[PDB]
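The data below hold one chain only, encoded as structure tokens and taken in the form deposited in one PDB entry.
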């Protein structure tokens, strides 16, 4: 396994799912019965959107979006009145990568905050995000399609599933991406829920660097069969994203 220093840390890239990343997600409309109110707050960007946007900022690409996207929320979502249709005019976008900064600490201009919030909202719409105080998407299968069809990435983009490969062949694909300076979108599920994140480095001892999409919290080196950040879990136990894993690889511009 070659040593590859964290590609996202090397470029300063640290996004998360709350403000000022979520300034253009839908505003929550209803209180879910039994829950405290989030009415009038913007929804979370979604882990799937935050992982994808960090990889897109690594490339500063595309300069122009390619194709619009429209979808309708599930009628089971208790945070919105129904029907609720969402639309992003991606085909008209000119993304200014000098305003979509690598990270935000609050002192940035409204233009800079809106620029990352527009990317996040466009990416989450393109993956059919189920918006809420937490926001969820199917992930990989939607991400690979959106990067090519809506954002003009190369036909090399594709999903790979962990169950289709030996451990050696799975890690060899990850290593090859990293050797080509290509961060990898990754997700999995387990006893502290499901999450999407970015693999962007390797230490030579079969651990990989992970950026979890929480602003920096828990980022570090993990085995791909023990993707277990300590920021999650209540009560003192174990858990991580070790089941039903998939990745999107080949992520580079046309």
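Positions refer to the first chain, counted from 1. Residues that one form lacks are left out of the comparison. C-alpha atoms forming the largest set that superposes within 1.5 Å between two forms make up the rigid core.
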Quick check on the record: does 182-190 or 203-211 carry the larger mean Cα temperature factor? 203-211
Avg C-alpha B-factor, entry values, 172-180 vs 132-140, higher side is 172-180
Among 158, 113, 167, 148, highest Cα B-factor in the entry goes to 167
Sorting the chain's CA B-factors, does residue 154 end up in the lowest, middle or highest third? middle
Just say lowest, middle or highest third for the CA B-factor of residue 243 relative to the other modelled residues in its chain. middle
Position of residue 87 among the chain's modelled residues by C-alpha B-factor, lowest, middle or highest third: highest
Thinking about Cα B factors across the chain, which third does residue 217 belong to? highest
Grab the CA temperature factor for residue 97 from the record and place it in the lowest, middle or highest third of its chain. middle
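Not pictured, yet referred to below: the form deposited in another entry.
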If I superpose the two forms on their rigid core, does the C-alpha of residue 24 end up displaced by 2 Å or more between the shown form and the other one? no
Rigid core superposition, residue 243 Cα moves 2 angstroms or more between the shown form and the other one: no
Tell me, please, whether between the shown form and the other one the C-alpha of residue 230 is shifted by 2 Å or more, with the rigid core used for superposition. no
Taking the rigid core as fixed, pick out the runs of 3 or more consecutive residues whose CA atoms all shift by at least 2 Å between the shown form and the other one, and give them in sequence order. 232-239
